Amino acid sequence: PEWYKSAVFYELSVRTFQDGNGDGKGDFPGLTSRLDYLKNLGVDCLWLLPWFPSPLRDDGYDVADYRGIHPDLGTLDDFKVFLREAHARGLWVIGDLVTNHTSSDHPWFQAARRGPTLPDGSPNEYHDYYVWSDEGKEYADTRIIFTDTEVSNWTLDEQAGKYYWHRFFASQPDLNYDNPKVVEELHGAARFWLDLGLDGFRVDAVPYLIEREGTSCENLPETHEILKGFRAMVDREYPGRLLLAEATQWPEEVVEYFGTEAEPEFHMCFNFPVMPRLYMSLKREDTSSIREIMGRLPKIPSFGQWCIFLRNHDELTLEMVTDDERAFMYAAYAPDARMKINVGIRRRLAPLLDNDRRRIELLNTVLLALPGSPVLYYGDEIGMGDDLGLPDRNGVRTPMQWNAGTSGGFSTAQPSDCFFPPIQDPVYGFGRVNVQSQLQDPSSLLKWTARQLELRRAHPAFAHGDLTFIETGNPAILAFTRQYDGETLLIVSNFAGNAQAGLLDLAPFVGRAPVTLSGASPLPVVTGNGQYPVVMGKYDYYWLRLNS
């Protein structure tokens, strides 16, 4: 099995994890100095948010140089020391590859906006890197992702006197993927980090590569053909590396980003479809949407693995739910207007769940039990909160809370001088929520998370097994089996806030003896018709194995 299929992933931002030089901004020596924490947590793969030169208008997703380290973060040598130190402990590291767009400061765009003809009359080879219209009327009816900021995906450049296309901020013009030259520029950018030993990339915003009149300009077959060539290049020149897709689409579209056995595409795709449903079910005490949306997801190819997640550095996206589900999620998880942004909710995991550790634990166990490799949002493992006074999605990117000291140990700069201010409020601030506290606390959420990954790590069925929902006769009780190489696990979760009963249909397993995976406390052998009664307490989770 390929290494990503057994990996626990951890998403962090360099600028926001550990400040190492007192200026208030995270950097590569600060991260390096913290690799022991990441390793002893149970993390296998670090996914780093963009680290390139950038004005930071979309926090570095507006790349101005695909081949440097951003001056806030240190030097290209600092990055080389970090990559070497992470590999010595057995961590993989992936980067973030912004294929769809660059920053409007990228030298390419500064050359492109000078018109099709550079002022001495010869053709301007860069003008064509980007996507231009005389009046910005093409691709109408296509939607706007940043609904609270942009009013058109086209914008007029003052010096070219034409419009350019951008699916995101106006400072992030789309790259033109019908220009073969653009394809090689990025294959070459991927080559520069892969040559240095990077283990692969998260690949950003992949559904939006190619645009076509008369289409939504999402999931276009031309976009898949490009992504196929990225994999064909990685497959030939860098066997073993990982390509992981960001694609918030509906199930029948997401699964396509794996390609096929004959035409592979991505190795991994975030399971965006399940993520909203975890939160809906919890609030409805009805888990059917989890089962319904899961059942819409086709089998993926042999090399493929889902990456399961609860929250990331973005808002909780309601882009891919129905109008009614969206409206239901806003009412349940966004009671204040300031809580929402671009068809999303911009809150951290713990505040989404009313800080109820039981609910945090339940979803964290659903995160570890579905088919796939899990990704942890940095700081979620100590129960970090949010700062919704910050703009856009910055509120869920406050600094990591290392201890109760100056700026939660993130920096020796004062809180007001850090890149984003470290949280200080009585519930979620660093005096109460910090890593030092929770390493010394015997029953902290940090120790739980570690123990629970330790638990997962000891049963490969969690990483490689099939999946089979079990009828429970109570919508509050979600039940499934995970089967692999002999072992059968049976996973039972109550999404209600009080005690619940069910009749598990274990008819296929009559005469088997369930045991807890933690300590093998025995449960009644399944007998008779196999209709098996269970009771559960509020948010309980049963991790069992079925012995034959």
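Just count from 1 along the sequence shown to find any residue number.
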property: Higher-scoring stretch by recorded Cα B factor average, 269-277 or 157-165; result: 157-165
property: Comparing 361-369 with 462-470, the one whose average Cα B-factor in the PDB entry is higher; result: 462-470
property: Options 312, 406, 434, 342 - largest CA temperature factor per the record; result: 342
property: Peak C-alpha temperature factor (PDB record), options 510, 45, 499, 41; result: 510
property: Residue 518, C-alpha B-factor rank within chain (lowest, middle or highest third); result: highest
property: Third assignment of residue 20 from its chain's C-alpha B-factors; result: highest
property: Residue 489, C-alpha B-factor rank within chain (lowest, middle or highest third); result: middle
property: Assigned third (lowest, middle, highest) for the C-alpha B factor of residue 333; result: highest
property: Chain third (lowest, middle, highest) by recorded CA B-factor, residue given as residue 539; result: middle
